[PDB]
Amino acid sequence: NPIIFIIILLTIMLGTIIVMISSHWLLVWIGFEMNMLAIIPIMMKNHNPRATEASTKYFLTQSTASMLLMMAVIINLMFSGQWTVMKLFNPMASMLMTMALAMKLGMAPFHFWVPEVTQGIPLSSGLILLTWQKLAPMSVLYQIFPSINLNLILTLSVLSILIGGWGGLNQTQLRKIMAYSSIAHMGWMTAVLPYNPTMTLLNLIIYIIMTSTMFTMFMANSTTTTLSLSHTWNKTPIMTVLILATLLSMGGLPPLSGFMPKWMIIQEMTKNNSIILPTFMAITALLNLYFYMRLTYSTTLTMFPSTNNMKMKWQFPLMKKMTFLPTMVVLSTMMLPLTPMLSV
Amino acid sequence: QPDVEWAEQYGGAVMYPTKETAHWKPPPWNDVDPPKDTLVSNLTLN
Amino acid sequence: XXXXXXXXXXXXXXXXXXXXXXXXXXXXXXXXXXXXXXXXXXXXXXXXXXXXXXXXXXXXXXXXXXXXXXXXXXXXXXXXXXXXXXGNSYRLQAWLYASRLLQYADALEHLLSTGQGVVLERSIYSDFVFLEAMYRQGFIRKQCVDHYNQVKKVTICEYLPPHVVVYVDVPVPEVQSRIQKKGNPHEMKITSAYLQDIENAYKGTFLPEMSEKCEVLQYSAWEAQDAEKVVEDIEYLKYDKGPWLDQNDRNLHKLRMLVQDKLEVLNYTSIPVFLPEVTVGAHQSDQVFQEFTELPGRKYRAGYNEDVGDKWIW
Amino acid sequence: XXXXXXXXXXXXXXXXXXXXXXXXXXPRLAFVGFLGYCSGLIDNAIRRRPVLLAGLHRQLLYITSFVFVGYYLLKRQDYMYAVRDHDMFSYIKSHXXXXXXXXXXXXXXXXXXX
Amino acid sequence: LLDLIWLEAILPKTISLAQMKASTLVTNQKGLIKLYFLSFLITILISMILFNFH
Amino acid sequence: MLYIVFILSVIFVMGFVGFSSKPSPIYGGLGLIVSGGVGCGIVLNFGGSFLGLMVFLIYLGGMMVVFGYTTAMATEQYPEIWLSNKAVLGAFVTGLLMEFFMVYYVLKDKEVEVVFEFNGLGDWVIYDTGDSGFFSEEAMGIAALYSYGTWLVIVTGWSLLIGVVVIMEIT
Amino acid sequence: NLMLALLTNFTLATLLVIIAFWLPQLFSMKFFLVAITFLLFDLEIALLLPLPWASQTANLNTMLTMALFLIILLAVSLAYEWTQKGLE
Amino acid sequence: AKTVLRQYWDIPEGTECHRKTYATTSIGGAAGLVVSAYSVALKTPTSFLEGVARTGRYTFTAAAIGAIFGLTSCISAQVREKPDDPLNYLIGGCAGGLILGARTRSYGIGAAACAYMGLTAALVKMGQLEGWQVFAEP
Amino acid sequence: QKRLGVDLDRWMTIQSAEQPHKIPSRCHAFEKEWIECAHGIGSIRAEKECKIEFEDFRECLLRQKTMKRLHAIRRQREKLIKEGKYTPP
Amino acid sequence: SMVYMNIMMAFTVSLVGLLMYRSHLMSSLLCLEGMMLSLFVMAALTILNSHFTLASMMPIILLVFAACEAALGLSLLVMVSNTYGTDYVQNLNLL
């Protein structure tokens, strides 16, 4: 992977632009497929028996998913006629459309591939791309948020934090914990879509920055809880303070930036006379915190992972924005109260 | 202080001891190598 | 970001008389060490043999760390009078394997960037011979061997070429008499069973090395100490069927990135698995980290350091 | 308002309406500027360098980048809150029937005991 | 009885039952793409029959 | 005699049953030739000279021919009878009975449907198209043009550059 | 009729098989890369198929820059086939 | 179906409960079939002989919870006055969680979480007033 | 669209547009009604004023209202077996 | 209306075919072709009966992209048979 690897990475960047700037329903289908043909090579890279299994599981669960989207595109020719990504019109078309989006974002009945795909990547650079790919179908949902029946969108949000809040408890694999942290945060994504379109995109701004900081802290190789355990005493001790700060912000805690999306999600929902649904969102949010709480015990507690082998030489990773973005990820509570309006 | 016995509880296996699925072994440190053999390798003709 | 579009590229200005040579597995007595120094007539660079203080030989700044600062309970003289239960035994050998792997990465980095022939004294494909000889006698437990094999499968496979030129020396069974005649008094009075097993394990190490189609030349004690004979034999013999002949664009670029950084190469070397002869105690690790930070060598680390260099603030 | 009706879609800042006047040396800008300095303190924690405060002088790049982006980000904040209020006041003026006024009363309220 | 056991038994009550609910998601379904896709068959039927929407 | 397209639509579903059922990639592969070739007639009857023959050129004479290689490259297992296998015959019989039960309801015009839309008869109303255009006729008569849709040409060319580069890098 | 013309050829073809059947009584994955490139090129041919039938009403200056563009990238895909294809 | 759920709210306005008990079985039965459908993904041994066995234990018990809940609510309504109360459904909620201890010989679990199940069942009829809304638009 | 196109235009997506030839769409008479109704923001968001014009547009593509009408005539013609039935064509 | 009633039923059979798996992996990619074949008939008839002229090019573009997923995803199938013996959905390592 020499110069052309950047070009392969550029087509994912350009692929989302096609989805972003679009008016035609077949144009976004092209935009989704621009990502399909360009993530798989980075999913493989070194060629491993675990990588072959992950890439096939990533393909089959996602290519069939986009094929359900094309049905809803063709129902938009049978009914309502026009090829515009403004409204879905038909309730018959929306049922197949929302489920196709749930296969990438809703996750509540389509989570199954995520913990196996995220674990299957041999490299840390591939972990960023799956948290960046979720930006693409969110642009579609922001365009067609009316007309779609709320009874079978909010079920994809309520159930997702339940399975996300239980699915990380029996996991020691560091990639797997972050895989279920996606599904847990995706419930908050598919909740603001029926109740006020703004702050839904800001939820991405908080999430993507917070997740990109997380994996770049794991540039010093760690794949399990026990491998991230040997970091405070043997490796760099000051580095684990930033891992602590990012993990505390991942769960809902006020002096950190991660509580600031959770503000407006409940605020806009309570304005629409709904109290019984946002209550369930807050109790299930506690279950999300528990995974980060156990993972902060690799940074706070002793835990005895000393080992005979010791590193003396200074570490030099990639670190693209692993210094500027964690400062925004640790503290942005006072910095961003009126910034909800600035995004959209 | 936490010792080596405490680290073995949070060691790479299942986080939570397995109820039914315990046959699944831990993955390798830097991407697992699968089957070296189980291949044809070079054809023979009469 | 890695630059490959620039003038600096793999395979260019290399390969033509730049292949690595290794003189490894030649009993307890250093007989291969003397012949390797004279073998650097055709080769550009020659590397020293790795010991306990081999990783800290260069590392940060000139001088090596003193006793406890480098590794807790690690001495070559201590292994001569080896004691069972609470001591060195295995953790010295695990440090010895990690040190040889680290210097191999830098020698390969010296080979890939600017094509120069580097000769290494005792490679990473020779440490298993040194371990198995001690395993035959009651010194190392069975569980520690499984810890060694787990590191063996991960670290070796990441590096593409083993060695192009291999020199294996098989001496007389009366090699202990030559070791007694040597200047070192601490190295003397070593077990004869361990030295005999080291020659036996080396016989089952040269054959798998030849099975991977690597060029190997055998030399006796009478054939030893020759500069003209060794140089002419390596030059005449052509490299064929070996795994060194790989892809110039894809394979050579990937191996160069792993060898460039010292921390990246030793990242898989540290195992998450706990062992009694591996020092797991965090209480001793906290005191050792405090002393290393207080040391005038690295302290703040990476280029800029107070009361050692200090050129500019920006 | 979320959807554009009068405002132009996809803008660098605003450009359609420029008259608002951005804040000069604001307390809000100082906090973003503090985070720019704070990012230039924890960068030496990642790459081990002597002194977080008195180390490398590439910190000026980190402070300026947070100020420059932050000034544009706060300019949109003042713009979007103005449009939100502008459409709100226009809704009352045009309809009139939706809004009701009530002033001066003498209503009885239940008193609490103990 | 009270100040250490019964008055405490409000949050350990929502830990002992919470960990039982936690084990029914993590250790449940021992791998297999087969099993996860069998569950997706039901999810479409819930949205069509069990929940009245189109 | 009365219907033209309606008979071909039944054979279209008939070939598709060997996909929900699992008759191995050999016999399952044969289904796409049967369903594809008859499937062209469904497209051709309402019009489309170019687009009707594109199925023969790409879907039939390109797509499945590459799939002919992969069956020999991976999982050949010497082709077997798709009747002796358990649950395969059960999936095949239940697959046809979901559609053939609806065929019986076509008689007496109206048929019961899961969807809200009614079927009725529609024989002369099946085409639902007048003469209208004469010279350079049909919407599919000039189906593809490089003009107007200039952006679509660039991205299709870009995506086909990706395929050649990527698949070469995997192997 | 097209249906009557096609079916007559196949029914006579089936009859020739029965004559011989009834009357008398007493590995390598390098091939795959060639097959894939066939499919990927033919799709570029599929986009370049309309040219003689399309260019009749549309403007020539708008088409000229776009028509050649597909063939240029079709040569760039073959230019990637020169940087070590294999022994095939 | 939501039309089945809407029928549940109309009956308790009067006094009749003979048709209310028949309607409660369809609510608990259909909800039990959802959990029964996901249990197929656990890989059932053999075919049909053990496949029905797993579906049988889940659906029959879940329908029993709803059926007793419908019965106990009407007994509590006929005895004494008061049409609808959260205290009235709390007694009925306890009886629904009581039969979970009959599933396995352990006496607890269902009886241990009887107050937990009874409170959650009461919360459903807490939202009969305008104060509680599960899903809202404005 | 989440991000709109500025200056350069690449659309030709919606019904009733500048066609490839001079030939017009089959439903072009009903296509113009839906565009002229929903050109304002407070028409499709409300979706009450354009209810009449959309149903006539729905009648063009699906032809469901005409299909049910022709169904009644064809059934009654079949119902008149061994009875008085009209024949002229 | 009448013709659309059968091909929508043909679409649901091809949809279930994607969601069904028994040992073989090749069926899914065969069903992906069938799904795009059923969508091709549905798209063509709507433009052919209700004339558009400009929009008749859209299924021709759809025909091209149908093969793109059925080749680049099909290429991954061969890579499974290089690592493993034969292609099986039953043969997976990821958890």
# chains A, B, ... in the order shown; residues from 1 in each chain; ligands from 1
>>> closest_atom_pairs(of="chain E", to="chain H", cutoff="12 Å", atoms="only C-alpha atoms", output="Markdown table")
| residue | atom | partner | partner_atom | distance |
| --- | --- | --- | --- | --- |
| E:9 | CA | H:112 | CA | 11.9 |
| E:10 | CA | H:116 | CA | 10.8 |
| E:13 | CA | H:113 | CA | 9.2 |
| E:14 | CA | H:116 | CA | 10.0 |
| E:16 | CA | H:109 | CA | 11.2 |
| E:17 | CA | H:113 | CA | 9.0 |
| E:20 | CA | H:109 | CA | 11.4 |
| E:24 | CA | H:39 | CA | 11.6 |
| E:25 | CA | H:42 | CA | 11.9 |
| E:27 | CA | H:42 | CA | 11.5 |
| E:28 | CA | H:42 | CA | 8.1 |
| E:29 | CA | H:42 | CA | 6.1 |
| E:30 | CA | H:42 | CA | 8.3 |
| E:31 | CA | H:42 | CA | 10.2 |
| E:32 | CA | H:41 | CA | 9.5 |
| E:33 | CA | H:41 | CA | 9.9 |
| E:34 | CA | H:41 | CA | 7.6 |
| E:35 | CA | H:41 | CA | 4.3 |
| E:36 | CA | H:41 | CA | 6.6 |
| E:37 | CA | H:41 | CA | 7.9 |
| E:38 | CA | H:41 | CA | 5.3 |
| E:39 | CA | H:38 | CA | 5.1 |
| E:40 | CA | H:38 | CA | 8.4 |
| E:41 | CA | H:37 | CA | 8.3 |
| E:42 | CA | H:37 | CA | 5.8 |
| E:43 | CA | H:34 | CA | 8.2 |
| E:44 | CA | H:34 | CA | 10.7 |
| E:45 | CA | H:34 | CA | 8.7 |
| E:46 | CA | H:34 | CA | 7.0 |
| E:47 | CA | H:1 | CA | 9.1 |
| E:48 | CA | H:1 | CA | 8.1 |
| E:49 | CA | H:1 | CA | 5.7 |
| E:50 | CA | H:1 | CA | 4.8 |
| E:51 | CA | H:1 | CA | 4.9 |
| E:52 | CA | H:1 | CA | 4.4 |
| E:53 | CA | H:2 | CA | 8.1 |
| E:54 | CA | H:1 | CA | 10.3 |
>>> write_last_selection(atoms="N, CA and C atoms", output="mmCIF file, in the first residue's frame")
data_model
loop_
_atom_site.group_PDB
_atom_site.id
_atom_site.type_symbol
_atom_site.label_atom_id
_atom_site.label_comp_id
_atom_site.auth_asym_id
_atom_site.auth_seq_id
_atom_site.Cartn_x
_atom_site.Cartn_y
_atom_site.Cartn_z
ATOM 1 N N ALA E 9 -30.461 -2.829 50.456
ATOM 2 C CA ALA E 9 -31.107 -3.609 49.388
ATOM 3 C C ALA E 9 -32.107 -2.807 48.537
ATOM 4 N N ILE E 10 -31.573 -1.807 47.834
ATOM 5 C CA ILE E 10 -32.301 -1.008 46.847
ATOM 6 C C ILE E 10 -31.454 -0.979 45.569
ATOM 7 N N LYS E 13 -30.038 -4.642 44.738
ATOM 8 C CA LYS E 13 -31.210 -5.259 44.110
ATOM 9 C C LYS E 13 -31.235 -4.974 42.602
ATOM 10 N N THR E 14 -30.764 -3.785 42.218
ATOM 11 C CA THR E 14 -30.630 -3.389 40.808
ATOM 12 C C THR E 14 -29.187 -3.551 40.290
ATOM 13 N N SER E 16 -27.683 -7.182 41.151
ATOM 14 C CA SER E 16 -27.843 -8.639 41.056
ATOM 15 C C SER E 16 -28.813 -9.059 39.946
ATOM 16 N N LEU E 17 -29.845 -8.243 39.726
ATOM 17 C CA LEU E 17 -30.785 -8.427 38.616
ATOM 18 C C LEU E 17 -30.285 -7.797 37.313
ATOM 19 N N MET E 20 -27.636 -10.246 35.774
ATOM 20 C CA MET E 20 -28.388 -11.361 35.191
ATOM 21 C C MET E 20 -28.945 -10.977 33.815
ATOM 22 N N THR E 24 -27.461 -12.143 29.689
ATOM 23 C CA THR E 24 -28.400 -12.597 28.650
ATOM 24 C C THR E 24 -28.210 -11.898 27.290
ATOM 25 N N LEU E 25 -27.127 -11.129 27.163
ATOM 26 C CA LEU E 25 -26.797 -10.417 25.923
ATOM 27 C C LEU E 25 -25.361 -10.644 25.449
ATOM 28 N N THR E 27 -22.902 -13.203 26.812
ATOM 29 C CA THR E 27 -22.606 -14.642 26.712
ATOM 30 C C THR E 27 -23.603 -15.384 25.815
ATOM 31 N N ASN E 28 -24.798 -14.809 25.664
ATOM 32 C CA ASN E 28 -25.834 -15.314 24.758
ATOM 33 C C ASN E 28 -25.403 -15.216 23.298
ATOM 34 N N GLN E 29 -25.827 -16.211 22.510
ATOM 35 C CA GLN E 29 -25.477 -16.372 21.085
ATOM 36 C C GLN E 29 -23.970 -16.539 20.871
ATOM 37 N N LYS E 30 -23.523 -17.793 20.923
ATOM 38 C CA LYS E 30 -22.106 -18.144 20.801
ATOM 39 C C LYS E 30 -21.640 -18.026 19.345
ATOM 40 N N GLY E 31 -21.319 -16.793 18.949
ATOM 41 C CA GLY E 31 -20.903 -16.465 17.583
ATOM 42 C C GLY E 31 -21.987 -16.725 16.554
ATOM 43 N N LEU E 32 -21.559 -17.220 15.389
ATOM 44 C CA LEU E 32 -22.421 -17.670 14.275
ATOM 45 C C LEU E 32 -23.294 -16.583 13.632
ATOM 46 N N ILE E 33 -23.007 -16.295 12.360
ATOM 47 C CA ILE E 33 -23.802 -15.378 11.523
ATOM 48 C C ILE E 33 -25.229 -15.923 11.336
ATOM 49 N N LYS E 34 -25.337 -17.254 11.297
ATOM 50 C CA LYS E 34 -26.600 -17.998 11.221
ATOM 51 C C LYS E 34 -27.648 -17.535 12.242
ATOM 52 N N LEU E 35 -27.236 -17.426 13.506
ATOM 53 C CA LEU E 35 -28.139 -17.103 14.617
ATOM 54 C C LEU E 35 -28.637 -15.659 14.624
ATOM 55 N N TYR E 36 -27.757 -14.725 14.260
ATOM 56 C CA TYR E 36 -28.086 -13.294 14.224
ATOM 57 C C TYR E 36 -29.064 -12.953 13.102
ATOM 58 N N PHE E 37 -28.955 -13.677 11.989
ATOM 59 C CA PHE E 37 -29.844 -13.497 10.841
ATOM 60 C C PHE E 37 -31.200 -14.185 11.012
ATOM 61 N N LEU E 38 -31.256 -15.184 11.895
ATOM 62 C CA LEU E 38 -32.519 -15.819 12.286
ATOM 63 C C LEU E 38 -33.380 -14.900 13.156
ATOM 64 N N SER E 39 -32.725 -14.018 13.910
ATOM 65 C CA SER E 39 -33.408 -13.029 14.747
ATOM 66 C C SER E 39 -33.968 -11.850 13.942
ATOM 67 N N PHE E 40 -33.356 -11.569 12.788
ATOM 68 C CA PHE E 40 -33.796 -10.478 11.904
ATOM 69 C C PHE E 40 -35.107 -10.792 11.175
ATOM 70 N N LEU E 41 -35.406 -12.086 11.020
ATOM 71 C CA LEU E 41 -36.678 -12.569 10.465
ATOM 72 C C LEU E 41 -37.879 -12.135 11.307
ATOM 73 N N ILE E 42 -37.705 -12.177 12.627
ATOM 74 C CA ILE E 42 -38.753 -11.843 13.596
ATOM 75 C C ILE E 42 -38.989 -10.329 13.667
ATOM 76 N N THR E 43 -37.902 -9.554 13.617
ATOM 77 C CA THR E 43 -37.933 -8.085 13.772
ATOM 78 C C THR E 43 -38.812 -7.356 12.747
ATOM 79 N N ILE E 44 -38.839 -7.869 11.516
ATOM 80 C CA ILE E 44 -39.693 -7.338 10.446
ATOM 81 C C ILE E 44 -41.164 -7.691 10.717
ATOM 82 N N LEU E 45 -41.395 -8.895 11.247
ATOM 83 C CA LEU E 45 -42.740 -9.375 11.596
ATOM 84 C C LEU E 45 -43.350 -8.653 12.803
ATOM 85 N N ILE E 46 -42.496 -8.172 13.711
ATOM 86 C CA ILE E 46 -42.922 -7.361 14.867
ATOM 87 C C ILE E 46 -43.435 -5.990 14.395
ATOM 88 N N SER E 47 -42.701 -5.372 13.470
ATOM 89 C CA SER E 47 -43.042 -4.056 12.912
ATOM 90 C C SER E 47 -44.278 -4.063 12.000
ATOM 91 N N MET E 48 -44.642 -5.244 11.496
ATOM 92 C CA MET E 48 -45.771 -5.403 10.572
ATOM 93 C C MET E 48 -47.048 -5.930 11.237
ATOM 94 N N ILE E 49 -46.898 -6.896 12.144
ATOM 95 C CA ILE E 49 -48.042 -7.567 12.782
ATOM 96 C C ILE E 49 -48.261 -7.095 14.229
ATOM 97 N N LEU E 50 -47.212 -7.178 15.050
ATOM 98 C CA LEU E 50 -47.285 -6.830 16.477
ATOM 99 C C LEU E 50 -47.434 -5.329 16.748
ATOM 100 N N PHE E 51 -46.797 -4.513 15.909
ATOM 101 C CA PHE E 51 -46.922 -3.058 15.963
ATOM 102 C C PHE E 51 -47.684 -2.566 14.735
ATOM 103 N N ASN E 52 -48.813 -1.902 14.979
ATOM 104 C CA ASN E 52 -49.704 -1.445 13.914
ATOM 105 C C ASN E 52 -49.190 -0.175 13.230
ATOM 106 N N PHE E 53 -48.405 -0.380 12.172
ATOM 107 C CA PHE E 53 -47.888 0.695 11.326
ATOM 108 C C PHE E 53 -47.702 0.180 9.899
ATOM 109 N N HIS E 54 -48.636 0.570 9.026
ATOM 110 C CA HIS E 54 -48.718 0.142 7.615
ATOM 111 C C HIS E 54 -48.849 -1.378 7.423
#
>>> interface_residues(of="chain G", to="chain I", cutoff="10 Å", atoms="only C-alpha atoms", output="PyMOL selection string")
chain G and resi 56-58
>>> residues_around(residues="region 79-84 of chain F", least_positions_apart="5", cutoff="12 Å", atoms="only C-alpha atoms", output="VMD selection string")
chain F and resid 18 21 to 29 71 to 72 89 to 93
>>> closest_atom_pairs(of="chain J", to="chain G", cutoff="10 Å", atoms="only C-alpha atoms", output="Markdown table")
| residue | atom | partner | partner_atom | distance |
| --- | --- | --- | --- | --- |
| J:60 | CA | G:47 | CA | 8.7 |
| J:61 | CA | G:47 | CA | 8.1 |
| J:63 | CA | G:43 | CA | 9.2 |
| J:64 | CA | G:43 | CA | 6.1 |
| J:65 | CA | G:43 | CA | 8.8 |
| J:67 | CA | G:43 | CA | 8.0 |
| J:68 | CA | G:40 | CA | 7.8 |
| J:70 | CA | G:39 | CA | 9.9 |
| J:71 | CA | G:36 | CA | 7.1 |
| J:72 | CA | G:36 | CA | 8.6 |
| J:74 | CA | G:36 | CA | 9.2 |
| J:75 | CA | G:36 | CA | 7.6 |
| J:78 | CA | G:32 | CA | 8.3 |
| J:79 | CA | G:29 | CA | 9.5 |
| J:81 | CA | G:29 | CA | 9.7 |
| J:82 | CA | G:29 | CA | 8.2 |
>>> closest_residue(among="A:165, A:261, A:41, A:126", to="chain J", atoms="only C-alpha atoms")
A:41
>>> interface_residues(of="chain B", to="chain E", cutoff="10 Å", atoms="only C-alpha atoms", output="CSV table (one decimal) with N, CA and C atoms, in the first residue's frame")
chain,number,residue,atom,x,y,z
B,14,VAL,N,-13.6,-13.8,27.7
B,14,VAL,CA,-15.0,-13.5,27.6
B,14,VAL,C,-15.4,-12.5,28.6
B,15,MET,N,-14.5,-11.9,29.3
B,15,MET,CA,-14.9,-10.8,30.2
B,15,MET,C,-15.7,-11.4,31.3
B,16,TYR,N,-16.8,-12.0,30.8
B,16,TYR,CA,-17.8,-12.7,31.7
B,16,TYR,C,-17.6,-14.2,31.5
B,17,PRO,N,-17.3,-14.9,32.6
B,17,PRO,CA,-17.1,-16.4,32.3
B,17,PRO,C,-18.3,-16.9,31.5
B,18,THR,N,-18.0,-17.7,30.5
B,18,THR,CA,-19.0,-18.3,29.7
B,18,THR,C,-20.0,-19.4,30.3
B,19,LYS,N,-21.2,-19.2,30.0
B,19,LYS,CA,-22.3,-20.1,30.3
B,19,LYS,C,-22.4,-21.3,29.4
B,20,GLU,N,-22.4,-21.0,28.1
B,20,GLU,CA,-22.5,-22.1,27.1
B,20,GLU,C,-21.3,-22.0,26.1
B,21,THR,N,-20.9,-20.9,25.7
B,21,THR,CA,-19.8,-20.7,24.8
B,21,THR,C,-18.6,-20.4,25.5
B,22,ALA,N,-17.7,-21.4,25.7
B,22,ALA,CA,-16.5,-21.4,26.4
B,22,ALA,C,-15.4,-22.0,25.5
B,23,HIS,N,-15.8,-22.6,24.4
B,23,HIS,CA,-14.8,-23.3,23.5
B,23,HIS,C,-14.1,-22.3,22.6
B,24,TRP,N,-14.6,-21.1,22.5
B,24,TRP,CA,-13.9,-20.1,21.7
B,24,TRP,C,-12.7,-19.6,22.4
>>> interface_residues(of="chain B", to="chain G", cutoff="12 Å", atoms="only C-alpha atoms", output="ChimeraX atom specification")
/B:39-44
>>> residues_around(residues="residue 100 (chain F)", least_positions_apart="4", cutoff="10 Å", atoms="only C-alpha atoms", output="list in words")
residues 10, 13, 14, 94, 95, 96, 104 and 105 of chain F
>>> select_by_dssp(residues="region 30-80 of chain F", states="alpha helix (DSSP H)", output="ChimeraX atom specification")
/F:30-44,49-54,64-73
>>> closest_atom_pairs(of="chain I", to="chain A", cutoff="9 Å", atoms="only C-alpha atoms", output="Markdown table")
| residue | atom | partner | partner_atom | distance |
| --- | --- | --- | --- | --- |
| I:1 | CA | A:22 | CA | 5.4 |
| I:2 | CA | A:20 | CA | 5.3 |
| I:3 | CA | A:21 | CA | 4.9 |
| I:4 | CA | A:21 | CA | 5.6 |
| I:5 | CA | A:21 | CA | 6.3 |
| I:10 | CA | A:23 | CA | 8.9 |
| I:11 | CA | A:23 | CA | 6.9 |
| I:12 | CA | A:24 | CA | 8.6 |
| I:13 | CA | A:83 | CA | 5.5 |
| I:14 | CA | A:82 | CA | 5.2 |
| I:15 | CA | A:82 | CA | 5.4 |
| I:45 | CA | A:146 | CA | 8.9 |
| I:54 | CA | A:80 | CA | 8.5 |
| I:57 | CA | A:80 | CA | 8.1 |
| I:58 | CA | A:80 | CA | 6.8 |
| I:61 | CA | A:78 | CA | 7.4 |
| I:62 | CA | A:78 | CA | 7.2 |
>>> residues_around(residues="region 27-37 of chain B", least_positions_apart="6", cutoff="12 Å", atoms="only C-alpha atoms", output="ChimeraX atom specification")
/A:44-53,119-124,172-173,221-224,226-227 /B:11-14 /C:150-158,264-273 /J:82-85,92-95
>>> write_last_selection(atoms="C-alpha atoms", output="compact mmCIF listing (two decimals), in the first residue's frame")
# COMPACT_ATOMS: atom_id res chain seq x y z
CA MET A 44 -8.09 -6.53 4.65
CA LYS A 45 -4.68 -4.74 4.36
CA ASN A 46 -2.31 -7.39 5.81
CA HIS A 47 -4.57 -10.36 4.83
CA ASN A 48 -5.51 -12.41 7.90
CA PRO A 49 -7.87 -15.41 8.52
CA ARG A 50 -9.81 -13.13 10.91
CA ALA A 51 -9.75 -10.29 8.34
CA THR A 52 -11.23 -12.52 5.60
CA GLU A 53 -14.15 -13.47 7.89
CA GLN A 119 -12.80 -6.78 16.13
CA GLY A 120 -11.73 -8.21 12.75
CA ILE A 121 -9.68 -5.17 11.67
CA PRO A 122 -5.91 -5.82 12.11
CA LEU A 123 -5.09 -2.07 12.16
CA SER A 124 -5.99 0.96 14.31
CA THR A 172 -13.04 -7.87 27.27
CA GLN A 173 -11.97 -7.12 23.68
CA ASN A 221 -1.08 -1.27 20.50
CA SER A 222 -3.93 -2.58 22.67
CA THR A 223 -6.70 -5.03 21.72
CA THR A 224 -7.90 -6.34 25.12
CA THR A 226 -5.49 -6.65 29.97
CA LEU A 227 -3.33 -5.21 27.14
CA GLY B 11 -7.92 -11.23 30.78
CA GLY B 12 -8.78 -11.80 27.12
CA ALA B 13 -11.38 -14.58 26.97
CA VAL B 14 -15.01 -13.54 27.58
CA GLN C 150 3.64 -17.59 22.03
CA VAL C 151 6.14 -14.74 21.50
CA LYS C 152 8.00 -16.88 18.90
CA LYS C 153 4.92 -17.27 16.65
CA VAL C 154 4.00 -13.55 16.68
CA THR C 155 7.32 -11.63 16.46
CA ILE C 156 9.10 -13.75 13.80
CA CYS C 157 6.29 -13.92 11.19
CA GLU C 158 6.06 -10.10 10.93
CA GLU C 264 6.45 -0.55 17.26
CA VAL C 265 8.77 -3.58 16.86
CA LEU C 266 8.77 -4.40 20.60
CA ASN C 267 4.99 -3.76 20.92
CA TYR C 268 4.16 -7.45 20.33
CA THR C 269 7.23 -8.56 22.37
CA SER C 270 5.51 -7.77 25.69
CA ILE C 271 2.93 -10.45 26.53
CA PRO C 272 -0.35 -9.87 28.47
CA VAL C 273 -0.02 -13.37 30.02
CA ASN J 82 -8.11 -19.12 -0.97
CA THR J 83 -8.00 -18.91 2.86
CA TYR J 84 -10.44 -21.79 3.50
CA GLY J 85 -11.18 -25.01 1.55
CA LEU J 92 -16.64 -18.19 10.31
CA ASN J 93 -14.21 -17.17 13.07
CA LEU J 94 -15.42 -13.67 14.11
CA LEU J 95 -17.29 -13.14 17.39
>>> residues_around(residues="residue 197 (chain C)", least_positions_apart="5", cutoff="9 Å", atoms="only C-alpha atoms", output="number ranges by chain")
C: 129, 132-134, 136, 192, 202
>>> residues_around(residues="residue 168 (chain F)", least_positions_apart="5", cutoff="9 Å", atoms="only C-alpha atoms", output="compact mmCIF listing (two decimals) with N, CA, C and O atoms, in the first residue's frame")
# COMPACT_ATOMS: atom_id res chain seq x y z
N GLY F 163 -12.72 -0.72 -9.11
CA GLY F 163 -12.86 -2.18 -9.23
C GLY F 163 -11.63 -2.92 -9.73
O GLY F 163 -11.25 -3.95 -9.17
N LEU G 33 -8.44 -13.40 -12.28
CA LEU G 33 -8.11 -11.99 -12.55
C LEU G 33 -8.43 -11.56 -13.98
O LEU G 33 -8.73 -10.38 -14.22
N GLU G 81 -2.91 -2.38 -15.27
CA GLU G 81 -2.66 -3.77 -15.64
C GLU G 81 -1.23 -4.02 -16.14
O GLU G 81 -0.82 -5.17 -16.31
N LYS G 85 1.05 -7.56 -13.72
CA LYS G 85 -0.19 -8.33 -13.82
C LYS G 85 0.02 -9.76 -13.34
O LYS G 85 -0.85 -10.34 -12.68
